[PDB]
Each structure stands twice: as structure tokens, then as C-alpha cells.
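Chains X, W, A, V, S, R, C and L, in that order, give the protein sequences.
Read in order, the letters of the first sequence correspond to residues 443 to 661 in the numbering used here.
Read in order, the letters of the second sequence correspond to residues 8 to 87 in the numbering used here.
Read in order, the letters of the third sequence correspond to residues 364 to 514 in the numbering used here.
Read in order, the letters of the fourth sequence correspond to residues 44 to 147 in the numbering used here.
Read in order, the letters of the fifth sequence correspond to residues 476 to 614 in the numbering used here.
Read in order, the letters of the sixth sequence correspond to residues 332 to 493 in the numbering used here.
Read in order, the letters of the seventh sequence correspond to residues 1237 to 1410 in the numbering used here.
Read in order, the letters of the eighth sequence correspond to residues 305 to 338 in the numbering used here.
Backbone N, C-alpha and C define an ideal beta-carbon position, used for all residues, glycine too.
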Amino acid sequence: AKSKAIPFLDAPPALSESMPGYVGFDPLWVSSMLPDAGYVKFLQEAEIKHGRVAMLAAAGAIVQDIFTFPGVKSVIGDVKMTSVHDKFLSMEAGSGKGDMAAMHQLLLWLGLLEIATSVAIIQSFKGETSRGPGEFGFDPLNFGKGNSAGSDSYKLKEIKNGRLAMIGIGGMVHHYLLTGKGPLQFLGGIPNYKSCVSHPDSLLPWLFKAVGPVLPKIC
Amino acid sequence: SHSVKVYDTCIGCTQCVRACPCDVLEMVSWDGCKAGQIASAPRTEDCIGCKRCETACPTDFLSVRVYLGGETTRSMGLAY
Amino acid sequence: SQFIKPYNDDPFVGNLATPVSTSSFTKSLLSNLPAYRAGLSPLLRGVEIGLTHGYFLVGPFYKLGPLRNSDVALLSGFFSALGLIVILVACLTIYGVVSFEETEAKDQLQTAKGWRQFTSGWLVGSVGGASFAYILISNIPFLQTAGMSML
Amino acid sequence: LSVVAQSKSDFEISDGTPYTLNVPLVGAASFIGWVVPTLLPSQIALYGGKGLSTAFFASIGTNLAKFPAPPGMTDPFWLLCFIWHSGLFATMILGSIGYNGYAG
Amino acid sequence: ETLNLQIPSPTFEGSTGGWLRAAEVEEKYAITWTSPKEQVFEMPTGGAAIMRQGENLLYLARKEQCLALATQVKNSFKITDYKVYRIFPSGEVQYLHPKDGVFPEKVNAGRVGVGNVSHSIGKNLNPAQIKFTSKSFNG
Amino acid sequence: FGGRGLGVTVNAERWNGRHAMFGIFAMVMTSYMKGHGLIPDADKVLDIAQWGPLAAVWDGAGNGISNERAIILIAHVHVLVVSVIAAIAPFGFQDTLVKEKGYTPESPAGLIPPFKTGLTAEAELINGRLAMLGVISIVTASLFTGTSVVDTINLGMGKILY
Amino acid sequence: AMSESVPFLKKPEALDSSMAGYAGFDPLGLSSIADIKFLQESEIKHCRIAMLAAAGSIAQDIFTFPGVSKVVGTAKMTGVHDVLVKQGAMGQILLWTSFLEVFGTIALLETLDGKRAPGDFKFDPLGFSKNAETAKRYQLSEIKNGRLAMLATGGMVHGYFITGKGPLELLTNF
Amino acid sequence: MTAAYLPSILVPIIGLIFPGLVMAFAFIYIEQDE
Ligand code: CLA
Ligand code: CLA
Ligand SMILES: CC1=C(C#C/C(C)=C/C=C/C(C)=C/C=C/C=C(C)/C=C/C=C(\C)C#CC2=C(C)C[C@@H](O)CC2(C)C)C(C)(C)C[C@H](O)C1
Ligand SMILES: CC1=C(C#C/C(C)=C/C=C/C(C)=C/C=C/C=C(C)/C=C/C=C(\C)C#CC2=C(C)C[C@@H](O)CC2(C)C)C(C)(C)C[C@H](O)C1
Ligand SMILES: CC1=C(C#C/C(C)=C/C=C/C(C)=C/C=C/C=C(C)/C=C/C=C(C)/C=C/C2=C(C)CCCC2(C)C)C(C)(C)C[C@H](O)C1
Ligand SMILES: CC1=C(C#C/C(C)=C/C=C/C(C)=C/C=C\C=C(C)\C=C\C=C(C)\C=C\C2=C(C)CCCC2(C)C)C(C)(C)C[C@H](O)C1
Ligand SMILES: CC1=CCCC(C)(C)[C@H]1/C=C/C(C)=C/C=C/C(C)=C/C=C/C=C(C)/C=C/C=C(C)/C=C/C1=C(C)CCCC1(C)C
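What follows is the structure, given as C-alpha cells:
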């Protein structure tokens, strides 16, 4: 057993190889952590779910820089990425004092969708359902030519774009944490830290405390 | 198990045998006494150590003597 | 009608069939708990039990511990809960060593391999549930008080 | 509603005995049977001119308006609700006995 | 001779006083007896049971429980037809009482005396005499 | 008992060696980190009111533990929690602190195990034995010379650290 | 088989195609918790009350009965209820609806017995359902309209709780 | 006090870890068949 991704290392035991997105890269044997048959499927669903959210997130950050919907600028002000999530929360009930409910409304509708998908994840994990990971049947415009599941070529594209999006969105969030520039502005400023656009502090501010004392703190 | 002994002062009254709650004792034939019988302890693995036999014995000092020893499930009286 | 009967048709076993003991509702709960639920590996049983127990453990330590009035109360509550979990994992480990002899089978809790899997799952789940409770309490002011933020 | 007055799920009050709990019929009938006499008004400060059921319903409404704040110790909510619940539990118990046992 | 496992048990509504896991993993005791009537007796482990006319069979955890019930049936219902067995979880059934068909309080030939000491109890050996020696104190 | 890989065993030798190699790296790092003043508010003494009576150290003045020592202890706590999880619930490919008890012990290395240039069990043992010896050497030098361990690491390494 | 409403989820076993309004939508599996016949009757009873309520809100904005204005001058929806509780108008309705529900309890028992279809009180005075093919459409249309009416009633009353004007006034002036 | 750090190191170890370890290993020793 030799993995393709790492030729010297032994191939991951649990991974089938017939699964979409498999290049043999599981050095830490996370696939084998739970003995249950459904656990590998749980991992695949998680990856696609992590990918799908990330894909939206990546585009959303870019699009938010490109333009904003009418009237949003007036209420929020000039906050850019995670800062808008914080500002909205300040102006919503329970989280803060205000007349807004954007974050709460998103959570309520996403939560209703996630409870239904959760039942699906449980059923797939115990083997009751034949559904493969991520196959919720959402293909309104025909693309799979009769199956919503899609061809192996397309699912490879979804998995790889989702992985790439996870890395990209993480970079964008982290770059907003110090430069406060946002995706497009940071791209324009290839030499950065020379100029920093001010950004309001995140709801989790303890994590940004070791910049000045242990790290250089160039910004 | 407990150790149960019968000494040759036994008058063969069978009272120890009737009083034993665990069928440890029985009567065997013996020419020593008038009754023609002596008590015996063939099943001491079942002896719980109650000493009802010693209470029943009428000889001046007990012909039957119980010596409490190692404890087992049987001799501890454990139904669990 | 009579609601109390001998246990599993046996009049001389040391148990009775009472509504608390053997009703359909009681049977449904017991059979669906992680300890008894079918189709679960011993490790997964440990994970689900661990998540539940570790999650509730944080709260009493945090609200009622020695550092409760300090601003480090949640960190103290997590560490004390984690300390208790480490001790409990050792209790599980020593029990496994004495109770079960080594055999090939690993699919059941009452086996040496199975008990070891249960301990591994319970440790990870307890750390994970205590960590989840820590994140939730750290961020949400309702949980930090007893709901007293509303008044 | 573990089992209603019907042969739906195979419910068993115990190991092998199926028993129809009549949760709809008993709960509804006990609720109505207790409430109609309880409507009887009384010009007592606890009731305030209403019956016990009406005053209990009014107390829920007045304390629900101050939703986070609980009713106080001297608030009539605690006396009204305890008496109403105690009567409801008693008429539910007696109703379950009468309907399940006498069956008519 | 062997226990007929099919003998009907006396009617009983159950109790918590019956046998526990040690009976199914270490040993169980059984008692059979013949009743001329369908009559109520007291269980050693609890309340009241009804012995059926004909042959009865019980299972108990301790030998003393089987014999306490035997003493009761003989004293009140004059049933001397009781046989006590030990049962191991391997399926082996061990007849116990009366061990040779005759009650122990009646003499029987072929019984060998166990535990019988040829002198009286005052003639035993002092502990010092048999210290660091394997010799028994009974002379 | 001791048939689970404890005692003087090639398993124990390897595990202690692994910890010692990490310990040498950590001592070098802490000496460099403190030398550049990279430990935040190190001089400050932790307050009993905020952190409880556990903080008390009963020295002549202050009677409280310094912030620096508390920070270093927390780093060791982080690795120790990883260690407890790794012992009780190890990775599938990972070596185990306790062995099954029906395990076949690996041969003792002897004076010198065969030299393997690539990452290998041999190289791990050779370096681990050397590091354990190094930990003893650094402690003894610090004791006999009378300097702090941090200074000894700096002086042995030629003041490269700071 | 899979639920038609939620494709990923398995088909709810307690539900059947014959039942009116069936789309396979029971993601939480609440049909296992309680008898389906009880739930079916409960859904229709909620549907009929909701349909009346939604129509009432629209009608109340359009017009009021003669002399109603004198008793209630400005109250629009939930507001008229409090003043008419003291006027005894709501009291009288409560009495008669409760009186019908007493016979409703006997009907519910007949349903649970299995002789009676859920939600059927045999009230078809004009013989709309005579054909038996128009009946299937009518049964479905009732269930669908009632479901929409439950959403509508809640949607309207909550709109009133924010902008106190009623549904039609909210549509005209936001 | 000289070497004032010693009580805060040794008292938790002697008072908690030492009894916790002797109880764990004594429990193993008294509950083993061989
Ligand atoms: C992880 C994803 C994510 C998150 C958390 C947010 C969150 C937010 N966005 Mg961003 N956004 C996203 C994705 C995301 N968006 C995407 C994918 C786009 C389009 C490329 C945008 C474009 C966008 C703009 C232009 C603006 C926001 C704004 C906002 C804020 C107010 C809510 C709003 O008006 O959104 C409105 C967002 C949309 C209408 C886009 C929805 C596109 C959907 C999700 C993709 C299609 C889904 C698919 C067809 C079907 C899904 C169901 C299927 C799974 C069954 C809020 C903090 C506003 C703001 O504050 O500006 C700073 C604003 O003006 N967003
Ligand atoms: C609190 C209300 C109440 C009371 C007092 C009774 C009383 C009675 N019911 Mg009725 N019943 C009730 C509610 C009640 N029922 C409801 C809600 C239902 C429908 C689900 C029924 C259905 C029902 C049926 C179907 C039948 C009865 C029958 C009976 C009689 C004997 C059986 C019985 O329950 O013994 C109860 C015995 C007594 C009440 C007398 C004992 C005296 C002590 C002091 C009891 C006191 C208990 C408690 C403290 C009183 C609380 C009163 C109040 C504060 C709540 C008895 C007259 C049977 C009968 O005889 O037919 C006419 C019968 O066939 N009941
Ligand atoms: C599925 C389905 C449907 C659908 C649908 C939808 C909505 C599909 C949406 C797909 C999307 C939005 C995919 C986007 C992926 C993003 C990627 C790969 C980029 C990552 C960023 C990177 C690498 C970066 C970076 C950067 C760094 C860190 C520094 C930054 O300063 C800047 C920079 C950007 C340079 C439909 C309805 C069509 C029907 C169909 O029948 C089935
Ligand atoms: C059956 C039977 C008989 C009968 C009968 C009867 C009494 C039949 C009555 C049937 C009724 C009353 C049906 C009404 C449905 C109303 C709906 C679906 C609401 C829609 C509103 C919406 C969607 C909205 C909205 C809104 C929202 C929520 C927020 C607002 O701020 C704004 C806005 C307006 C936009 C008869 C006698 C015929 C004989 C027959 O033989 C047997
Ligand atoms: C909304 C909100 C928040 C938020 C938020 C968000 C969205 C935070 C985002 C967090 C993310 C996605 C961080 C990404 C980390 C990825 C790393 C470190 C590198 C991965 C890849 C590696 C190491 C590649 C390795 C390797 C490569 C090179 C190829 C070879 C093989 C391999 C080993 C795979 C806050 C927190 C700001 C709060 C605030 O209230 C508002
Ligand atoms: C499942 C699913 C979805 C969905 C959905 C959702 C979330 C639907 C939500 C429906 C909700 C939450 C309705 C709520 C309330 C109904 C009420 C309050 C009626 C009240 C009467 C009152 C208040 C009178 C009160 C009162 C009276 C007059 C007397 C005085 C006192 C007072 C209290 C004022 C979608 C959208 C994804 C579609 C998808 O295809 C299926
Ligand atoms: C209510 C009620 C009413 C009627 C009577 C009643 C039944 C007795 C009573 C019930 C009472 C009782 C007893 C209720 C008891 C309720 C309890 C104890 C609920 C426990 C929930 C545990 C959770 C959510 C753990 C989540 C852990 C997670 C998500 C993992 C997180 C992590 C992992 C590993 C993944 C990575 C990240 C991190 C964060 C590290």
C-alpha cells in the first residue's frame, strides 16, 4: 500500500480510492479514527459542506467590495468583512439593541435547512439510505443529464474548488484582520503594511493580542 | 470452609443433625455409646458456621465443635 | 388488569416487571441510549456519552467554584472540569485492566479491547463537550449569568 | 400522548400488557370538567371578581406582559396556579381512573 | 433420579427476593416436592406462593433457602417427598438432599463417619505443642 | 505490570529520548525568547485576588508567582494535555506508551545501532540517547557553575541565542 | 423510498399517499410520536379556524357590521377582542364554539375507533361533493388553502403587531 | 523563605499525584488474579 500523493508513505487504510477527490492524502489517518462504516461518509459530507460554504464566502467577500445592494451602506457604514457581521449583530435584538435582524434571519432559515440535512446525515451514517455524501438532489437546471448527483468529472471540480475556496477565504479573513483592506484592495496593494486601512476589532479580540508582544507587529 | 468435629462423648441424640440448617451433619453407626450411633460431618463445605449444632448438643462440653475458618460464598451465606 | 408481573416470565428471578422497569416508553429510552443503542461501536458509545457528560461538567465548576467571582472563572471552570475528566479517565482505565481478560473480540463494551475503545471515546468526547460548553459560555452573555442579563 | 383512544402503536403499560392510555379524552374531559365549575366567580381579592380558572388565565396574561420578570411572592399568580393545578391533577387522576377502569 | 426440568413451578407473582446474577454464573439450587393439594405456602425469599397439586419445582440461590422451605413443607403440609439439587451453569445437576435416600437424622448403612475424633474435646493438643509443626490439634 | 513496556525497555528508551529531544529544543527556545524579552510582562507578579491562592509562592516580598513562570507552565500544560489524549487514544499508525503485553519487544540497540542517514528508528534512538545525556549535562553544569540554565544554554551555544 | 418533498430524506412510514395533502413532508417524524388519525383531524381543525381568521381580517378591514363602529372606534384586529370580551360578543362565540366542540370530542372518539374519517362531520348541504371526482379536488383544496391560511393568519397578525393597521391598510400604505 | 517555589511544587504532587498513583496501582495489585 503506497499513496499517490505521498509515494513513500503507506496508503490510508480506510479510504476506498473510488471516492471522489481521493489522491491518497490522509497522513494522520483521520479516516480510521472511528471504526464505524459510515464515518468515512461523514467525513466526505463535511468536506463538501465546508467547501460549499467557503465557496459562497469567497465570492461574497469579493462581491461585497465590488458593489453593495441599495441602502446597505447607509445603515452599516463603511465596515468591510467580518466587521459587518459584528455591526449587524450590535443592531439586532438579543445580540444587541436595535431594529435589525439580518444575522438572526440568515441563521433561522439556514438552521431549518440544516436540521433536515442533519436527519439525512444520520440516515446515511447508519446505512439506512443509499444517498452518497452531499447528494441532496439540488439540480434545478439540468446539468447532470438526468441525475442530480452529477458525473465524476463535475464532482471532482466541486471538491477541488471547495478545497481551494477554504484556503482562499481563510487567507482573506486573516488579511482583513491586520491590513483591514478586504480582498480587492489587498490585491491592489501588493506591498502592504505600508498602508493599513483601519478596521474595528473582532468579537473575538483576545486572539489578536499576541501580535505586539511576541510577534513583530509590523502593522 | 469451616471445620466441624465430633468427639467420642457423643451420646447419639441426633439433635445436632436435626438442628443443622444446611444438611452438613448426619448419623453413622458406632458401638461406643448406648444409642449405637454418632454424629458425622461429611459436608462441611456447606457449613455456614451458624453453630446451631453446638446449641443443640447436650453433652457437658460439646461433642460437636465448629471451628470457623476460611470464608467462601457458601460459608458466608451470600445469595449474590 | 395487573401492571406488575415476574421479570421475563421468571417468578423466581430477583426482579419484577413494573411500568418504570419495563414499559414501552422505558424500553424505547433504554434501547436508544448510547450505552445500549444497536449499531454503535464501543468507541462511538464513549464519544456520545463523553460529549454529554463533559458538556454539563463545566457549568457547576464555573458558577460555584472558588474563582467564581473572578474574571478568570470560565478558565478555572474549564481546567477544573478537565482535571476531573482526567481523573475519571484513569478510573475507567484501571477498571478495564482488572475487569477484563484479553481476547480477540473488540465489538462489545464488556471486553478488554472494547472497554479501551470506550475510554478513548469518552476522553475525546468529554474534552470536546467541555470545550464546546466553554466556547458557548465565553461568547453568549445569557449563559454567563443564569439568564439574569434580561432583568 | 403516548397512546390515544385507538389501536395505533403497540403500547404496553408494562412488560406484556397493552393498555390504552386515553390521553386525548382524559386530558380534554378533565380540563373541561375542572374548568366549568371553577369559573364560579367570587368577590375575593385573590380572584378579583372572576372565577379561579378565569383569574388564573388573567394572572398568566399579566405576568406574561412582564415576560422576563417572574411573579413576586405576594403576587396572586402563585396561589391561583397552585390551586388550579392541584384540582386539575386530581380531576385528571379521577378521570383516568373512571374512564380507563370503568370504561363507561 | 435426575431433575426433570419440565416439572411445573408453583404459582408465584414474582418478588425482588429471588436469585441474582450469581445464580446464573456460579450455581443455583432446585427443590422438588409432591403436594396432595393446591395450597398456599410462604416463599423463603418473600411473600406467598401456591403449590400446585402434583409435582412442584423451585429455584433458589442458597442451599439454606431450599432447606428452610423443606422444613416448612414438612412441618405444615407433612410433605416428606422433597429432593434438593445443586445446578451448575454448565448444565450439571448435583443431587443433594436426602443424599442417600434416607434423611440424615436416621441412621443408614454404608455411611462412613467424617470428622469423628476418638477422644473427648478436652484431650486436644495445646497450640504451643504444634507450633511450627503440621501436626493437628486433635491429638 | 512491567510486561506492558515499562521499566528499562527499548520502548521506554525511545519515549524518554523523544521527550528529552523536545526538552532540549524547548530550553533553547525559552532561553532565546526570554533573552529578547519576548515573554509578555514577565516581571509582573500574578495577583492572588484575580488568580486565587494557588498563585502564592511565599518568597520574601510579593509572595506571588511571576507572570513568566505561569506562562511557561501553561505551555507545558498544552503539551501535557496532548500527551494524555495521545496515550489513551493514539493515532492508528502511532507508537504506544503502553504495549499490548503480547508484543514482541524490539532488540536492544546495544552500544551503537546501525547508522541510518534517513529518518529511521535507529537515528531516533541515537539522537534520543544523546539528548537525554545533554539534559543531564546542562543541569549539572548549571548546578556546578552556579549560573542559571538559560545562561548555560547561551554560553554553550556561544551566545548565538542572545 | 425517498420523501417527495425532501428528496434526500427517507419516506415517512406513518404517512400514506391516499391521505389528502400528502407531500411526504414529515422531516422530524412527529407522526411516530402520536397517532396519524389524531394529527390529521388536528390539522384540518386548525385549517378551518385559520381560514376563517384570515378571511375575517380582510373582511374586517373592508367593512364592519352596522353599529359595530360605535362600540369599537379605532381598534383593528386583536384590539377589538379585548373591548368585545367586556361587551360579551367574544363570550357568546366562545360558548357556542365550545358547545360544538363537545360533539367534536365524540366525533374524535369515532375517528380513533376507526369508523369515522378524520375531519368529516358530513356537512355538505349544497351537495358540492356529489360527483365523487370533484370531491378529491375539494378535499385537497381545503387542506392546501387551510395550510396557506395558517401561514397567512400568523403573518397578518404579526404585521398588525408591528404596523397597527391591518393587512389591507399595510398593503395600501407601508 | 529560601527556595520558596518548592512548597507550591511539591505539595500538590505529594498531596494529590502521589496518593492518586498509589491508590491506582494498589487497586491494580489487590484486584489481580495472578
Ligand atoms: C458564507 C456566505 C455569506 C455570508 C455569511 C454573507 C453575509 C452577508 N452578506 Mg454577503 N454574499 C454572499 C455570501 C455571503 N454573505 C454571496 C455568495 C454573494 C454574492 C456573490 C454575496 C453578496 C453580498 C452583497 C452584494 C451584499 C452582501 C451583504 C451581506 C450582509 C447582509 C446580508 C445580505 O444582504 O446578503 C445578501 C446576499 C445575497 C442576496 C447573496 C445570496 C447568494 C446565494 C447565497 C447564493 C446562491 C444560492 C443557491 C442558488 C441556492 C441555495 C439553496 C440550495 C443550497 C438549496 C451579511 C453579513 C450586504 C452587505 O452588508 O454588504 C457589505 C451586501 O450589500 N453580500
Ligand atoms: C374531581 C373530579 C371527579 C370526581 C370527584 C369523580 C368521582 C367519581 N367518578 Mg368520575 N370522572 C372525572 C372526574 C371525577 N370523577 C373525569 C374528569 C372523567 C372523565 C375522563 C370521569 C369519568 C368517570 C367514569 C367513566 C366513571 C366515573 C365514576 C366515578 C365515581 C367512582 C369512581 C371513582 O373515580 O372513584 C372516586 C371516588 C370518589 C370521588 C369518592 C371517594 C371520596 C374521596 C374523599 C375522594 C376524594 C378525591 C379527591 C380529594 C377529590 C377532589 C375533588 C376536587 C378538589 C378535584 C365517583 C363518583 C364511575 C361511576 O361511579 O360512574 C358514575 C364511572 O363509571 N367517572
Ligand atoms: C450547484 C447547483 C447550482 C449552484 C450554485 C452556486 C452559487 C455555485 C457557487 C460557486 C462559487 C461561488 C464558487 C467559488 C469558489 C472560490 C474559489 C475557488 C476561490 C478561492 C480564493 C482564493 C484561492 C484566493 C485568494 C486571495 C488571498 C487569500 C488574498 C485576498 O486579499 C485576495 C485573493 C482573492 C487574491 C445551480 C443553481 C447553478 C443549479 C445547478 O443545477 C446545481
Ligand atoms: C365547507 C362547507 C360550507 C362553508 C364554508 C366556509 C366558511 C368557507 C371559508 C373558507 C375560507 C375563509 C378560506 C380562506 C382562506 C384564506 C387564506 C388562504 C389567506 C390568504 C392570505 C394571504 C396569503 C396573505 C397575506 C398578508 C400577510 C400574511 C401579512 C399582511 O400584513 C399583509 C398580507 C395581506 C400580504 C358551505 C356553507 C359553503 C357548504 C358546503 O357544502 C360545506
Ligand atoms: C464572522 C466573524 C469571524 C470569522 C471568521 C472566519 C471565516 C475565519 C476563517 C478561518 C480560516 C478558514 C482559517 C484558515 C486556515 C488555513 C490554514 C492555516 C492553512 C491551511 C492549508 C495548509 C496548511 C496546506 C498544507 C499543505 C499544502 C501547502 C500542500 C501540500 C500538502 C498540505 C499538507 C495539504 C471572526 C473570527 C473574525 C469574529 C468576528 O466576530 C466575525
Ligand atoms: C416548513 C416550510 C417553510 C416555513 C416556515 C415557517 C417558519 C412558518 C412560520 C409560521 C409561524 C411562526 C406562524 C406563527 C404564528 C401564528 C399565529 C401567531 C396566529 C396567532 C393569533 C394571535 C397571535 C392572536 C393573539 C391575541 C388575541 C387576538 C387576543 C389578545 C391577545 C393576543 C395574543 C394579541 C418554508 C418557508 C421554507 C416553505 C417550505 O415549503 C416549508
Ligand atoms: C429537559 C428536561 C425536561 C423533562 C425532564 C428531563 C428529561 C429530566 C429534563 C432533562 C434534563 C437533562 C439531564 C438534560 C441534559 C442535557 C445535556 C447534558 C445535554 C448535553 C449536550 C452536549 C453537547 C451539546 C455537546 C456538544 C459537543 C460538541 C458540539 C463538540 C465540540 C468539539 C468537537 C469535539 C469538535 C471540534 C470543536 C470542539 C468544540 C472542540
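- In terms of Cα proximity to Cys57(W), the closest of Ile45(W), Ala42(W), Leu75(W) is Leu75(W).
- Annotation: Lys1281(C) to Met1386(C) spans about 11 Å, alpha carbon to alpha carbon.
- The C-alpha of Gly147(V) lies about 26 Å from the C-alpha of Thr1333(C).
- By the C-beta density criterion, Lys529(X) is buried, having at least 16 other C-beta atoms within 10 angstroms.
- For the set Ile482(S), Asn613(S), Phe487(S), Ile596(S), the Cα lying nearest the Cα of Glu517(S) is the one of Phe487(S).
- Boundaries of the beta strand (DSSP E) harbouring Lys12(W): 10-14, taken from the DSSP string.
- Its chain contains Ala496, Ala499, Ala500, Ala503 as the residues whose beta carbon lies nearer than 8 Å to that of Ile611(X), once the 5 sequence neighbours on both sides are disregarded; these appear in chain order.
- Taking one beta carbon from each stretch, the stretch 448-459 of chain A and the stretch 470-490 of chain A have 3 or more pairs nearer than 8 Å; the two touch.
- A contact between stretches requires three or more CB pairs, one per stretch, nearer than 8 Å, and the stretch 460-470 of chain R meets this requirement with the stretch 347-364 of chain R.
- The C-alpha of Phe424(R) lies about 43 Å from the C-alpha of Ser525(X).
- Taking the Cα of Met513(A) as reference, the smallest distance to any Cα among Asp452(X), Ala535(X), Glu570(X), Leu620(X) is reached at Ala535(X).
- With a contact defined as Cβ atoms closer than 8 Å, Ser501(A) and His416(A) miss out at about 20 Å.
- Contacts between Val461(A) and chain L, judged by CB atoms closer than 8 Å, involve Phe331, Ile332, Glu335, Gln336 in chain order.
- DSSP places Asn65(V) outside both helix and strand once states are collapsed to three, so it counts as coil.
- Taking 8 Å as the cut-off between beta carbons, the residues of the stretch 1243-1255 of chain C near chain X are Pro1243, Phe1244, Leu1245, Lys1246, in sequence order.
- For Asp390(R), the nearest CB of chain L lies under 9 Å from its own CB, placing it at the interface with that chain.
- The C-alpha of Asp53(V) is placed about 17 Å away from the C-alpha of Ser364(A).
- Cβ proximity to chain X below 9 Å picks out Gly402, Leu403, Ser404, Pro405, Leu406, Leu407, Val410 from the stretch 392-412 of chain A.
- Residue pairing of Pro582(X) in beta bridges, as defined by DSSP: absent, with no partner found.
- Burial state of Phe1410(C) is exposed, judged by a 10 Å Cβ sphere holding fewer than 16 other Cβ atoms.
- Distance from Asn531(S) to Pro485(S) at the Cβ level is roughly 5 Å; contact confirmed, criterion being Cβ atoms closer than 8 Å.
- Taking each of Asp373(A), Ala401(A), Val435(A) in turn and checking the Cα distance to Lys568(X), the smallest one comes out for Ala401(A).
- Proximity of chain R to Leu447(A) at the Cβ level (cut-off 7 Å) is not reached, the minimal Cβ distance being about 13 Å.
- Between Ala48(W) and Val587(S), the beta carbon gap of about 12 Å keeps them out of contact (Cβ cut-off 8 Å).
- Chain X places no beta carbon closer than 9 Å to that of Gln507(A), leaving this residue out of the contacts.
- At the C-beta level, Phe563(S) and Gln514(S) stay beyond 9 Å of one another.
- The beta carbon of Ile484(R) lies closer than 8 Å to those of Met358, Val359, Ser362, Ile469, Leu492 in the same chain, with the five residues before and after it left out.
- Among the CB atoms of chain W, none fall inside 9 Å of the CB of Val548(S).
- Taking 9 Å as the CB threshold, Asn432(A) stays off the interface with chain X.
- In this structure, the C-beta of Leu472(A) stays at least 8 Å away from each heavy atom of ligand 6.
- Where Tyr570(S) is concerned, the enclosing beta strand (DSSP E) starts and stops at 568-572.
- DSSP, reduced to helix, strand and coil, places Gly493(S) outside both helices and strands of the structure shown, so it counts as coil.
- At a threshold of 8 Å, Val615(X) counts as near ligand 5, since its beta carbon sits closer than that to one of the ligand's heavy atoms.
- In this structure, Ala1289(C) has its beta carbon less than 8 Å from a heavy atom of ligand 6.
- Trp508(S) is classed as buried because its beta carbon has at least 16 other beta carbons within 10 Å across all chains shown.
- Listed in chain order, the non-local C-beta contacts of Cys23(W) below 6 Å within the same chain comprise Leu32, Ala46, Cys60, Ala63, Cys64, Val71, local neighbours out to five positions each way being set aside.
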